$ cat my_file.tsv   # TSV, C-alpha atoms and all ligand atoms
chain	number	residue	atom	x	y	z
S	982	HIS	CA	88.17	1.60	144.03
S	983	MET	CA	86.18	-0.04	141.23
S	984	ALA	CA	84.36	-2.58	143.41
S	985	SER	CA	82.84	0.24	145.49
S	986	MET	CA	81.81	2.64	142.72
S	987	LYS	CA	78.16	3.55	143.20
S	988	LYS	CA	75.48	4.44	140.66
S	989	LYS	CA	73.18	7.45	140.81
S	990	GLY	CA	69.57	6.57	141.29
S	991	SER	CA	66.76	7.24	138.87
S	992	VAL	CA	64.53	10.24	138.70
S	993	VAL	CA	61.22	9.35	140.33
S	994	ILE	CA	57.70	10.66	139.80
S	995	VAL	CA	56.43	11.75	143.22
S	996	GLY	CA	53.30	13.66	142.25
S	997	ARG	CA	51.51	15.73	139.66
S	998	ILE	CA	49.88	19.09	138.98
S	999	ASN	CA	46.23	18.44	138.34
S	1000	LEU	CA	44.92	20.73	135.62
S	1001	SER	CA	41.87	18.66	134.75
S	1002	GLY	CA	39.23	20.75	136.50
S	1003	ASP	CA	38.55	24.45	137.04
S	1004	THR	CA	41.05	24.49	139.95
S	1005	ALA	CA	44.77	23.62	139.67
S	1006	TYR	CA	46.29	21.78	142.57
S	1007	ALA	CA	49.30	19.70	143.39
S	1008	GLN	CA	48.90	16.04	144.32
S	1009	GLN	CA	51.56	13.91	146.00
S	1010	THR	CA	51.64	10.27	144.84
S	1011	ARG	CA	54.75	9.00	146.70
S	1012	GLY	CA	56.41	10.02	149.95
S	1013	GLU	CA	60.08	10.46	150.67
S	1014	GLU	CA	60.81	6.86	151.82
S	1015	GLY	CA	59.19	5.27	148.80
S	1016	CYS	CA	60.87	7.86	146.63
S	1017	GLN	CA	64.30	6.91	147.90
S	1018	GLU	CA	63.64	3.17	147.41
S	1019	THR	CA	62.23	3.66	143.91
S	1020	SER	CA	65.21	5.78	142.93
S	1021	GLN	CA	67.58	2.98	143.94
S	1022	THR	CA	65.67	0.21	142.18
S	1023	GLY	CA	64.35	2.18	139.25
S	1024	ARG	CA	61.04	0.22	139.47
S	1025	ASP	CA	57.95	2.40	139.87
S	1026	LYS	CA	54.63	0.64	139.60
S	1027	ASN	CA	52.54	3.68	140.57
S	1028	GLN	CA	49.89	4.74	138.07
S	1029	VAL	CA	50.88	7.90	136.21
S	1030	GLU	CA	48.31	10.49	135.17
S	1031	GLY	CA	48.28	14.00	133.78
S	1032	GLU	CA	50.65	16.29	131.89
S	1033	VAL	CA	52.88	17.89	134.53
S	1034	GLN	CA	54.69	15.53	136.89
S	1035	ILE	CA	56.50	16.40	140.09
S	1036	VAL	CA	59.80	14.51	140.11
S	1037	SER	CA	62.64	13.94	142.51
S	1038	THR	CA	66.12	12.55	142.85
S	1039	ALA	CA	67.83	11.79	146.13
S	1040	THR	CA	68.90	15.46	146.37
S	1041	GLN	CA	66.59	17.60	144.21
S	1042	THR	CA	62.95	18.05	143.30
S	1043	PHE	CA	61.56	19.77	140.16
S	1044	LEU	CA	58.94	19.17	137.45
S	1045	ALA	CA	58.69	17.30	134.15
S	1046	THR	CA	56.14	17.90	131.39
S	1047	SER	CA	54.81	15.62	128.67
S	1048	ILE	CA	54.71	17.16	125.15
S	1049	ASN	CA	54.25	14.83	122.03
S	1050	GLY	CA	54.83	11.76	123.85
S	1051	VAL	CA	58.08	12.84	125.53
S	1052	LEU	CA	58.47	13.66	129.22
S	1053	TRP	CA	60.73	16.72	129.22
S	1054	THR	CA	62.73	18.29	132.02
S	1055	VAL	CA	65.93	20.21	132.76
S	1056	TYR	CA	69.45	18.83	132.62
S	1057	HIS	CA	70.37	20.80	135.78
S	1058	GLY	CA	67.80	18.68	137.67
S	1059	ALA	CA	68.01	15.26	136.01
S	1060	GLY	CA	71.53	15.19	134.64
S	1061	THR	CA	71.95	12.03	132.56
S	1062	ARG	CA	69.80	9.95	134.97
S	1063	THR	CA	67.34	7.25	134.04
S	1064	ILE	CA	63.72	7.60	135.16
S	1065	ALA	CA	61.97	4.89	137.18
S	1066	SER	CA	59.20	2.93	135.41
S	1067	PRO	CA	57.18	-0.24	135.95
S	1068	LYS	CA	59.78	-2.28	134.07
S	1069	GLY	CA	62.84	-0.63	135.56
S	1070	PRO	CA	65.09	2.33	134.74
S	1071	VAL	CA	64.45	4.02	131.41
S	1072	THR	CA	67.34	5.74	129.62
S	1073	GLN	CA	66.94	9.27	128.30
S	1074	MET	CA	65.89	9.59	124.67
S	1075	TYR	CA	67.02	13.22	124.49
S	1076	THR	CA	69.86	14.95	126.24
S	1077	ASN	CA	71.02	18.47	125.45
S	1078	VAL	CA	73.22	20.25	127.98
S	1079	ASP	CA	73.43	23.33	125.72
S	1080	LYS	CA	69.69	23.82	126.08
S	1081	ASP	CA	69.52	22.53	129.69
S	1082	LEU	CA	67.13	19.91	128.30
S	1083	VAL	CA	66.44	16.22	128.76
S	1084	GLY	CA	63.63	13.91	127.78
S	1085	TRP	CA	62.35	10.38	128.25
S	1086	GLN	CA	59.55	8.50	126.56
S	1087	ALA	CA	56.34	9.68	128.21
S	1088	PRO	CA	55.08	7.22	130.81
S	1089	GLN	CA	52.14	4.96	130.14
S	1090	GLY	CA	49.06	6.77	131.45
S	1091	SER	CA	50.45	10.27	131.07
S	1092	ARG	CA	48.66	12.83	128.91
S	1093	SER	CA	50.74	14.97	126.54
S	1094	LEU	CA	50.33	18.63	125.88
S	1095	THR	CA	50.13	19.69	122.23
S	1096	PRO	CA	52.87	21.99	120.85
S	1097	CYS	CA	51.64	25.53	120.43
S	1098	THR	CA	51.34	26.92	116.93
S	1099	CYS	CA	49.30	30.05	118.00
S	1100	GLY	CA	52.17	32.51	117.94
S	1101	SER	CA	50.67	34.14	121.06
S	1102	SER	CA	52.78	36.09	123.59
S	1103	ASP	CA	50.28	35.82	126.49
S	1104	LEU	CA	51.62	32.84	128.42
S	1105	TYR	CA	50.97	31.04	131.72
S	1106	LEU	CA	53.66	29.37	133.85
S	1107	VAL	CA	52.52	26.38	135.94
S	1108	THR	CA	54.53	25.89	139.15
S	1109	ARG	CA	55.04	22.92	141.46
S	1110	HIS	CA	52.58	24.61	143.83
S	1111	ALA	CA	49.96	24.68	141.06
S	1112	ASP	CA	50.23	28.47	140.78
S	1113	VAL	CA	49.25	29.57	137.26
S	1114	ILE	CA	51.39	32.67	136.70
S	1115	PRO	CA	50.79	35.05	133.75
S	1116	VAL	CA	53.99	35.69	131.75
S	1117	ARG	CA	54.34	38.01	128.73
S	1118	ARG	CA	56.60	36.45	126.12
S	1119	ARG	CA	59.61	38.73	125.53
S	1120	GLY	CA	61.77	36.70	123.13
S	1121	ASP	CA	62.29	33.23	121.81
S	1122	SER	CA	63.30	31.88	125.24
S	1123	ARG	CA	62.29	34.60	127.74
S	1124	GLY	CA	59.17	36.13	129.31
S	1125	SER	CA	58.36	38.67	132.00
S	1126	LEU	CA	56.20	38.01	135.07
S	1127	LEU	CA	53.17	40.27	135.12
S	1128	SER	CA	53.37	40.19	138.92
S	1129	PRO	CA	56.97	39.76	140.09
S	1130	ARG	CA	57.56	37.77	143.26
S	1131	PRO	CA	60.52	36.39	145.20
S	1132	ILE	CA	62.41	33.64	143.41
S	1133	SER	CA	61.59	31.32	146.29
S	1134	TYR	CA	58.16	30.88	144.77
S	1135	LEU	CA	59.64	29.59	141.51
S	1136	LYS	CA	62.32	27.33	142.99
S	1137	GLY	CA	61.60	23.71	142.22
S	1138	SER	CA	59.47	24.48	139.20
S	1139	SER	CA	62.08	24.04	136.48
S	1140	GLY	CA	60.77	21.56	133.96
S	1141	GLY	CA	57.24	22.98	134.26
S	1142	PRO	CA	55.36	24.33	131.25
S	1143	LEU	CA	54.68	27.70	129.81
S	1144	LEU	CA	51.26	27.42	128.20
S	1145	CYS	CA	49.40	29.59	125.66
S	1146	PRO	CA	45.81	30.79	126.22
S	1147	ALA	CA	44.53	27.62	124.54
S	1148	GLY	CA	46.48	25.35	126.83
S	1149	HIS	CA	49.16	24.32	124.37
S	1150	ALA	CA	52.81	23.99	125.38
S	1151	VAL	CA	55.01	26.97	124.47
S	1152	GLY	CA	58.07	26.03	126.49
S	1153	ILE	CA	59.77	24.30	129.44
S	1154	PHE	CA	60.81	26.60	132.34
S	1155	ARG	CA	64.52	26.53	132.99
S	1156	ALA	CA	65.75	29.65	134.80
S	1157	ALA	CA	64.65	32.76	136.66
S	1158	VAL	CA	66.01	36.30	136.30
S	1159	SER	CA	65.90	38.32	139.48
S	1160	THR	CA	66.94	41.57	141.08
S	1161	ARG	CA	67.35	41.67	144.87
S	1162	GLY	CA	65.75	38.25	144.96
S	1163	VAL	CA	62.57	39.29	143.08
S	1164	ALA	CA	61.85	37.26	139.95
S	1165	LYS	CA	61.04	39.60	137.14
S	1166	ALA	CA	61.56	37.32	134.12
S	1167	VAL	CA	61.95	33.68	133.26
S	1168	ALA	CA	63.89	31.76	130.63
S	1169	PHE	CA	62.49	28.61	129.01
S	1170	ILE	CA	63.27	26.10	126.30
S	1171	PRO	CA	60.82	26.96	123.46
S	1172	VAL	CA	58.69	24.11	122.14
S	1173	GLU	CA	60.21	24.62	118.68
S	1174	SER	CA	63.64	23.83	120.10
S	1175	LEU	CA	62.10	20.64	121.46
S	1176	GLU	CA	60.34	20.00	118.10
S	1177	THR	CA	63.71	20.44	116.44
S	1178	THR	CA	65.35	18.11	118.91
S	1179	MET	CA	62.64	15.57	118.08
K	1201	LIG	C1	74.62	21.28	135.00
K	1201	LIG	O1	74.50	21.47	133.63
K	1201	LIG	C2	73.75	22.60	133.36
K	1201	LIG	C3	73.40	22.88	131.93
K	1201	LIG	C4	72.63	24.08	131.51
K	1201	LIG	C5	72.16	24.99	132.61
K	1201	LIG	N1	71.42	26.11	132.17
K	1201	LIG	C6	70.95	26.94	133.18
K	1201	LIG	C7	70.16	28.16	132.80
K	1201	LIG	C8	71.28	26.64	134.60
K	1201	LIG	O2	70.77	27.56	135.47
K	1201	LIG	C9	70.95	27.26	136.89
K	1201	LIG	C10	69.80	26.32	137.37
K	1201	LIG	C11	68.64	27.28	137.17
K	1201	LIG	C12	67.50	27.23	138.20
K	1201	LIG	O3	67.61	27.57	139.35
K	1201	LIG	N2	66.29	26.73	137.66
K	1201	LIG	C13	65.05	26.88	138.39
K	1201	LIG	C14	64.54	25.89	139.33
K	1201	LIG	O4	63.45	25.92	139.86
K	1201	LIG	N3	65.53	24.93	139.47
K	1201	LIG	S1	65.13	23.76	140.52
K	1201	LIG	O5	63.94	22.97	140.10
K	1201	LIG	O6	65.00	24.41	141.84
K	1201	LIG	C15	66.56	22.72	140.65
K	1201	LIG	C16	67.90	23.41	141.05
K	1201	LIG	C17	66.21	21.35	141.18
K	1201	LIG	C18	66.54	21.53	139.71
K	1201	LIG	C19	63.91	27.63	137.69
K	1201	LIG	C20	64.65	28.34	138.81
K	1201	LIG	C21	64.00	28.82	140.10
K	1201	LIG	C22	64.43	29.83	140.87
K	1201	LIG	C23	65.70	30.59	140.53
K	1201	LIG	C24	66.59	30.36	141.78
K	1201	LIG	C25	67.93	31.14	141.74
K	1201	LIG	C26	68.76	30.65	140.51
K	1201	LIG	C27	68.70	31.66	139.31
K	1201	LIG	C28	69.34	31.13	138.01
K	1201	LIG	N4	69.25	32.20	137.10
K	1201	LIG	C29	70.04	32.10	135.93
K	1201	LIG	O7	70.92	31.31	135.76
K	1201	LIG	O8	69.63	33.10	135.02
K	1201	LIG	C30	70.48	33.40	133.95
K	1201	LIG	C31	70.48	34.92	133.76
K	1201	LIG	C32	69.81	32.70	132.80
K	1201	LIG	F1	70.46	33.00	131.64
K	1201	LIG	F2	69.71	31.36	133.08
K	1201	LIG	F3	68.54	33.19	132.68
K	1201	LIG	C33	68.53	29.89	137.60
K	1201	LIG	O9	67.32	29.94	137.44
K	1201	LIG	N5	69.17	28.55	137.46
K	1201	LIG	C34	70.77	28.41	137.60
K	1201	LIG	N6	72.04	25.54	135.08
K	1201	LIG	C35	72.48	24.68	134.03
K	1201	LIG	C36	73.27	23.51	134.48
K	1202	ZN	ZN	48.75	27.85	121.37

$ encode --input "my_file.tsv" --output "structure tokens" --more "lines below"
Ligand SMILES: COc1ccc2nc(C)c(O[C@@H]3C[C@H]4C(=O)N[C@]5(C(=O)NS(=O)(=O)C6(C)CC6)C[C@H]5/C=C\CCCCC[C@H](NC(=O)O[C@H](C)C(F)(F)F)C(=O)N4C3)nc2c1
Ligand SMILES: [Zn+2]
Amino acid sequence: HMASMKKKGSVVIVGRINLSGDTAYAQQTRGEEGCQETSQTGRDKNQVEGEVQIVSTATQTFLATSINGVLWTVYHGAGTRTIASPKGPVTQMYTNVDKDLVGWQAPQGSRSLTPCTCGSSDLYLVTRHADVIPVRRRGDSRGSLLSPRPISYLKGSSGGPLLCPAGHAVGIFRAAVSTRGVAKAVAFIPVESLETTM
């Protein structure tokens, strides 16, 4: 009935991947109860820092990455959802199901990565566990893991960045290619396809 129709909650920032030092590590900034409440209200007054956020809905958790001033993630995680902010829910500024891509204005206090113009194929995937995984670029939207590992280790890291040697953003991780459960390659949205979208 129309009176009872519910609304999906917002995506919520629940942590970050700290890349500021010589050691990468995940930090949690909100626990599951606060996450649920913030998703319903859409009001998040927690201070945001850093480039790679850990984000959650009521049912899924993944990453989101700031590049020029946009917080980017995957459509298969966020759908068309708002993100929680200090002033309430914020509507997506980019949505592209064909790329598995969404974006919101980057939160106040975030730091943005710079889009790579190096043309390098020696990349680094950052996961939600703060693993920094070498990936050889193999095409516009694909790269191979130098050390394959079970897909379990990549689950929950969609929306994370592929970085070049200089720390610029080359892409947003979106899918893993596996054989017998071992991830041998990854697919990503290339930064140019974001720069086009922008
Ligand atoms: C609804 O509208 C949509 C529009 C476009 C769209 N486009 C893509 C490509 C898509 O793909 C889905 C979701 C991702 C995924 O699981 N994302 C990671 C992740 O971590 N998600 S997540 O954070 O856990 C989560 C679910 C919370 C958000 C990064 C994966 C980690 C481990 C793999 C686990 C087994 C899965 C292996 C899959 N392989 C694969 O499809 O490969 C083929 C050959 C491709 F062509 F894509 F390469 C895979 O990776 N998929 C399967 N769904 C959609 C949906
Ligand atoms: Zn670069």

$ closest_residue --input "my_file.tsv" --among "S:1073, S:1178, S:1089, S:1037" --to "ligand LIG 1201 (chain K)" --atoms "all atoms listed in the file"
S:1037

$ closest_residue --input "my_file.tsv" --among "S:1028, S:1010, S:1040, S:1034" --to "residue S:1066" --atoms "all atoms listed in the file"
S:1028

$ residues_near_ligand --input "my_file.tsv" --ligand "ligand LIG 1201 (chain K)" --cutoff "8 Å" --atoms "all atoms listed in the file" --output "PyMOL selection string"
chain S and resi 1041-1044+1055-1060+1078-1082+1132-1140+1154-1159+1164+1167-1168

$ residues_near_ligand --input "my_file.tsv" --ligand "ligand ZN 1202 (chain K)" --cutoff "8 Å" --atoms "all atoms listed in the file" --output "ChimeraX atom specification"
/S:1096-1101,1144-1151

$ residues_around --input "my_file.tsv" --residues "stretch 1107-1122 of chain S" --least-positions-apart "3" --cutoff "8 Å" --atoms "only C-alpha atoms" --output "list in words"
residues 998, 999, 1005, 1006, 1007, 1035, 1043, 1044, 1102, 1103, 1104, 1125, 1126, 1127, 1128, 1135, 1137, 1138, 1141, 1142, 1143, 1144, 1152, 1168, 1169, 1170 and 1171 of chain S

$ closest_residue --input "my_file.tsv" --among "S:1068, S:1050, S:1061, S:982" --to "residue S:1086" --atoms "only C-alpha atoms"
S:1050

$ atom_distance --input "my_file.tsv" --atom1 "atom CA of residue S:1166" --atom2 "atom CA of residue S:1077"
22.8 Å

$ closest_residue --input "my_file.tsv" --among "S:1165, S:1062, S:1092, S:1011" --to "residue S:1025" --atoms "all atoms listed in the file"
S:1011

$ atom_distance --input "my_file.tsv" --atom1 "atom CA of residue S:1009" --atom2 "atom CA of residue S:994"
9.3 Å

$ atom_distance --input "my_file.tsv" --atom1 "atom CA of residue S:1004" --atom2 "atom CA of residue S:1131"
23.4 Å

$ residues_near_point --input "my_file.tsv" --point "(58.8, 9.7, 148.2)" --cutoff "10 Å" --atoms "all atoms listed in the file" --output "PyMOL selection string"
chain S and resi 993-996+1009-1020+1036-1039

$ closest_residue --input "my_file.tsv" --among "S:984, S:1054, S:1091, S:1049" --to "residue S:1027" --atoms "only C-alpha atoms"
S:1091

$ closest_residue --input "my_file.tsv" --among "S:1160, S:1047, S:1072, S:1063" --to "residue S:1175" --atoms "all atoms listed in the file"
S:1047

$ residues_around --input "my_file.tsv" --residues "residue S:1090" --least-positions-apart "5" --cutoff "10 Å" --atoms "all atoms listed in the file" --output "MDAnalysis selection string"
chainID S and resid 1028:1032

$ build_atoms --input "my_file.tsv" --residues "stretch 1085-1100 of chain S" --atoms "N, CA, C and O atoms" --output "compact mmCIF listing (two decimals), in the frame of the given file"
# COMPACT_ATOMS: atom_id res chain seq x y z
N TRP S 1085 62.59 11.82 128.26
CA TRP S 1085 62.35 10.38 128.25
C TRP S 1085 61.02 10.11 127.57
O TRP S 1085 60.16 10.99 127.45
N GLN S 1086 60.86 8.90 127.06
CA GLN S 1086 59.55 8.50 126.56
C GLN S 1086 58.52 8.79 127.65
O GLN S 1086 58.74 8.51 128.83
N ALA S 1087 57.36 9.33 127.24
CA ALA S 1087 56.34 9.68 128.21
C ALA S 1087 55.77 8.42 128.85
O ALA S 1087 55.45 7.45 128.16
N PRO S 1088 55.56 8.44 130.16
CA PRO S 1088 55.08 7.22 130.81
C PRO S 1088 53.68 6.83 130.39
O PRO S 1088 52.83 7.66 130.05
N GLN S 1089 53.46 5.51 130.39
CA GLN S 1089 52.14 4.96 130.14
C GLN S 1089 51.18 5.58 131.13
O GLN S 1089 51.48 5.63 132.32
N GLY S 1090 50.09 6.13 130.62
CA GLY S 1090 49.06 6.77 131.45
C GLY S 1090 49.15 8.28 131.53
O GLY S 1090 48.17 8.93 131.89
N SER S 1091 50.31 8.84 131.20
CA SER S 1091 50.45 10.27 131.07
C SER S 1091 49.57 10.78 129.93
O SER S 1091 49.16 10.02 129.05
N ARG S 1092 49.27 12.08 129.99
CA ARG S 1092 48.66 12.83 128.91
C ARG S 1092 49.68 13.85 128.41
O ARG S 1092 50.40 14.46 129.21
N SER S 1093 49.78 14.01 127.08
CA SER S 1093 50.74 14.97 126.54
C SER S 1093 50.05 16.27 126.16
O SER S 1093 48.97 16.27 125.55
N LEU S 1094 50.73 17.36 126.44
CA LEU S 1094 50.33 18.63 125.88
C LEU S 1094 50.65 18.65 124.38
O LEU S 1094 51.60 18.00 123.90
N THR S 1095 49.92 19.48 123.66
CA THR S 1095 50.13 19.69 122.23
C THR S 1095 51.03 20.91 122.02
O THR S 1095 50.82 21.92 122.68
N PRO S 1096 52.00 20.83 121.12
CA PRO S 1096 52.87 21.99 120.85
C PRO S 1096 52.08 23.15 120.27
O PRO S 1096 51.22 22.99 119.39
N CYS S 1097 52.29 24.31 120.87
CA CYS S 1097 51.64 25.53 120.43
C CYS S 1097 52.06 25.94 119.03
O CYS S 1097 53.26 26.04 118.72
N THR S 1098 51.06 26.24 118.19
CA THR S 1098 51.34 26.92 116.93
C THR S 1098 50.59 28.26 116.83
O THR S 1098 50.45 28.77 115.71
N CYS S 1099 50.14 28.84 117.97
CA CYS S 1099 49.30 30.05 118.00
C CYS S 1099 50.12 31.31 117.72
O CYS S 1099 49.57 32.34 117.30
N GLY S 1100 51.40 31.28 118.01
CA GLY S 1100 52.17 32.51 117.94
C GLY S 1100 51.74 33.57 118.95
O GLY S 1100 52.01 34.76 118.73
